[PDB]
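Following: one structure in structure tokens, then a few remarks.
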Amino acid sequence: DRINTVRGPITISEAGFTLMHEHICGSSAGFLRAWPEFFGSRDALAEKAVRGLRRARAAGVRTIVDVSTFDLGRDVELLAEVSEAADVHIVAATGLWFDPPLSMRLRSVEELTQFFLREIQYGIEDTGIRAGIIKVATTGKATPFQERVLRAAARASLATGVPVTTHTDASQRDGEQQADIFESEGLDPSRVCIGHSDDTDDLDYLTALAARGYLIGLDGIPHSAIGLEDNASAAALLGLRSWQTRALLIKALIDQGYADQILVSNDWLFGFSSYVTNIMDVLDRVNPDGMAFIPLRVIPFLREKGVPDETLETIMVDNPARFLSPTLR
Amino acid sequence: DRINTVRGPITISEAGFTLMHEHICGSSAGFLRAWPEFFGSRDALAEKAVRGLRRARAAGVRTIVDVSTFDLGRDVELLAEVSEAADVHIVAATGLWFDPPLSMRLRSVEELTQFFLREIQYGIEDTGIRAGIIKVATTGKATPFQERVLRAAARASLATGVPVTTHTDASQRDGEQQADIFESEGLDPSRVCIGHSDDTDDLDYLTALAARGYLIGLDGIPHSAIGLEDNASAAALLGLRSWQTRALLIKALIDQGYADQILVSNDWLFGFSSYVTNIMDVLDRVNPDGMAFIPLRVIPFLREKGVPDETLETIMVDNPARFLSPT
Ligand SMILES: [Zn+2]
Ligand SMILES: [Zn+2]
Ligand SMILES: [Zn+2]
Ligand SMILES: [Zn+2]
């Protein structure tokens with residue numbers, strides 16, 4: 001009944017209002033240390049993150065889960081610095097996203113399990129900071145390597161009780177294959193969040209996953225390139241569905257009886273080197289509220305659409321607490 | 001005038017016997033810091049490196065050029081530590097190899113140039129250690145991104161006088177395209193070494209590059225899977241040609257008049273996370289001399305084949321001094 005944060009162990013009740021899928025910075029391993037001027041400076045990136053998290057805190061956020069892996073250039077010392085300055089708890093992730101270097105892509109299930117367990121049980125790098133979640137990814141049918149990662153992540157979660165959260169291409173229904181592999185491994189679905197599930201309108205796909213016991217990550221609510229259809233890179237990243245369309249899936253899953261199984265987030269960030277240059281000007285145009293978009297815009301939207309307060313609090317406070325608390329079931 | 005090393009500037013004459021294409025550790029960016037246990041420990045990797053460099057130093061080596069880039073997991077603090085304990089100069093590299101992550105792959109020629117220039121003119125990470133060479137790579141026909149890396153490398157070289165050195169798939173004569181792209185940016189061939197050129201017996205290919213003024217990197221002389229050909233991953237890394245066969249290309253380019261354009265090395269390492277697990281067990285059986293292989297085995301072999309000591313001196317001392325001097 002402790003959750004590891006970048007500033008150490010917290011009790012479950014200190015987590016409070018939680019954003020389960022976010023990033024301080026979306027980058028690549030070693031990149032922030034090797035070319036900090038890409039973001040202006042390391043301090044400029046940190047200050048920008050602190051401004052954004054302080055705003056999110058003022059709107060009610062107390063914890064974000066940063067699901068940046070090794071290969072997304074997770075820098076836990078940055079995360080501790082930003083956490084302390086903004087007085088927002090940050091949970092760090094182990095696992096791998098879909099840009100693993102050779103030194104990872106050539107590893108066995110056993111080797112990957114050791115690496116994830118290291119980051120949970122011992123610490124990340126030389127920092128003593130322990131991960132509180134495992135992040136994995138597919139983009140369509142799993143590559144052989146991605147299957148090995150799913151299996152290593154299941155093994156790490158069985159050994160530690162730490163949960164797994166996933167990147168999907170929701171248009172390819174990637175959750176069904178991820179689910180199959182987790183269930184062959186023996187991982188309980190209540191320890192798994194199928195992410196980017198708000199990228200699709202296929203409610204049959206989502207209820208069938210929630211029927212099997214999975215948590216459903218509706219985690220990119222503000223992602224929309226509506227108004228910027230002529231920006232190809234921005235439309236490929238954000239899609240042409242509205243924030244309201246995404247948000248209404250939250251209502252839709254409540255209405256199907258699965259309020260218990262929803263996790264809601266922004267999937268935002270304060271820098272993004274692992275995409276096209278200047279993407280942050282597009283993102284900050286699209287959603288100037290940043291990580292404060294869920295509490296400032298989506299919570300009131302869901303209320304005016306009929307969702308009880310009590311339900312929003314189970315989704316933003318109780319679901320995340322239940323999910324993050326280390327347990328096998 | 002001055003060459004940058006991981007322990008600061010040295011004068012040209014301090015370089016001495018120089019291995020122009022080596023590695024302390026072949027890895028991936030951030031990997032040694034995130035999982036040092038893959039190598040046993042950071043201490044165990046440093047111990048083995050210090051032992052191998054001291055082995056090389058005893059055989060006459062004074063300087064190595066570690067052509068590990070960002071994406072090969074170059075750790076210049078490790079390089080500094082082993083350089084100092086072994087009393088061997090290490091020149092560090094900028095550039096990109098063929099495992100760039102997205103944060104590099106999506107960058108323009110102009111962005112890449114700024115990055116390379118940072119590592120040459122300011123420093124690597126927060127260390128103040130500056131690169132003395134630019135490493136680039138193709139594996140066959142250049143991808144669009146690798147063409148951008150070659151162009152950024154040429155611009156960084158023209159701005160600083162620092163030389164460029166390449167990875168090739170020699171069986172696809174990559175040096176030909178590399179040379180065209182460099183010349184299109186105005187880079188002089190005398191600032192370029194076309195590497196892994198000993199990976200095939202293709203002297204038409206090598207002499208024509210050398211006739212255009214390129215330096216030819218015969219840099220994998222001890223690489224051979226002969227005797228362990230049934231190990232598929234060893235054979236794919238090391239090839240099925242003997243070290244003597246590779247070394248005879250050195251004699252061949254000398255015989256053709258190109259002694260002034262040859263650079264010889266081992267392309268060795270002491271750890272290797274960017275290949276299959278336990279590869280070091282194979283490598284240490286194939287070439288236990290490590291980075292001492294050139295001075296202990298190749299030099300005497302070439303002497304016995306009639307190459308003069310003065311030609312061996314120009315190749316191992318003079319050619320690297322001229323190549324590394326910023327121009
Ligand atoms: Zn994702
Ligand atoms: Zn994300
Ligand atoms: Zn190479
Ligand atoms: Zn090499």
Side-chain angles (χ1 to χ4, degrees), chain A residues 19-27 64-69 71-74 91 93 95-99 102 133 135-140 146 164-171 174-175 178 193-199 217-223 237-239 263 265-272 274-275 283 291, chain B residues 20-23 26-27 65-69 71-72 74 93 95-99 102 133 135-140 146 149 165-171 174-175 178 193-199 217-220 223 237-239 263 265-269 272 274-275:
Chain A
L19 292 173
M20 280 301 314
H21 182 129
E22 300 296 333
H23 306 274
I24 296 301
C25 185
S27 189
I64 73 174
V65 179
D66 185 331
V67 298
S68 307
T69 53
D71 57 307
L72 263 168
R74 176 208 55 211
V91 182
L96 293 163
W97 184 73
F98 59 83
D99 188 29
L102 272 164
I133 193 166
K135 172 72 181 278
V136 302
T138 60
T139 65
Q146 288 165 351
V164 186
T165 191
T166 85
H167 179 113
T168 61
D169 186 340
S171 73
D174 285 4
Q178 294 176 350
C193 177
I194 305 299
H196 301 335
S197 292
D198 59 315
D199 281 341
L218 307 175
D219 50 39
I221 307 307
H223 294 206
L237 175 68
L238 299 178
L263 299 183
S265 221
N266 308 278
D267 191 27
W268 214 244
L269 31 66
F270 298 108
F272 202 2
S274 32
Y275 204 55
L283 295 179
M291 289 180 184
Chain B
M20 279 296 314
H21 182 128
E22 300 296 339
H23 310 268
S27 193
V65 185
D66 186 329
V67 297
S68 309
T69 54
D71 61 309
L72 262 168
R74 174 205 59 207
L96 292 174
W97 184 67
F98 60 76
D99 193 30
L102 277 164
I133 196 156
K135 169 65 178 289
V136 300
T138 60
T139 71
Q146 291 161 352
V149 171
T165 191
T166 84
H167 176 107
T168 63
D169 188 341
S171 73
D174 288 6
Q178 290 177 359
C193 174
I194 302 294
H196 306 327
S197 284
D198 60 310
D199 268 359
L218 304 175
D219 49 35
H223 297 202
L237 179 66
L238 293 171
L263 298 174
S265 227
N266 310 271
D267 189 25
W268 212 244
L269 35 67
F272 199 9
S274 35
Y275 205 61

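Order of appearance sets the numbers: ligands from 1, and atoms from 1 within every ligand. Throughout, a chain's letter reflects where its sequence line sits, starting with A, and its residues are numbered from 1.
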Quick check for you: within a radius under 2.8 Å, how many protein N, O or S atoms neighbour the Zn ion (ligand 1)?
2
With heavy-atom distances below 4.5 Å as the criterion, would you say the side chains of A:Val67 and A:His167 are in contact?
no
Tightest non-hydrogen contact, residues B:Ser274 and A:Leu102, listed as CB-CB, 3.8 Å
Is a side-chain N or O of B:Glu22 found less than 3.5 angstrom from the main chain of B:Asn266, in a donor-acceptor match?
yes
Report the C-alpha distance between A:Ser265 and A:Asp267 in whole Å, list the side-chain angles of each, state the deciding distance to 0.1 Å, and finish with yes or no for side-chain hydrogen bond (donor to acceptor under 3.5 Å, both in side chains).
CA-CA 6 Å; A:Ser265 221; A:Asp267 191 27; over 6 Å; no
Contact summary for B:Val136 and B:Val149, nearest pair of heavy atoms
CG1-CG1, 3.6 Å
Result of checking A:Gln178, A:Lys135, A:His21, A:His196 against A:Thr166 for side chain to side chain donor-acceptor pair (under 3.5 Å)
A:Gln178
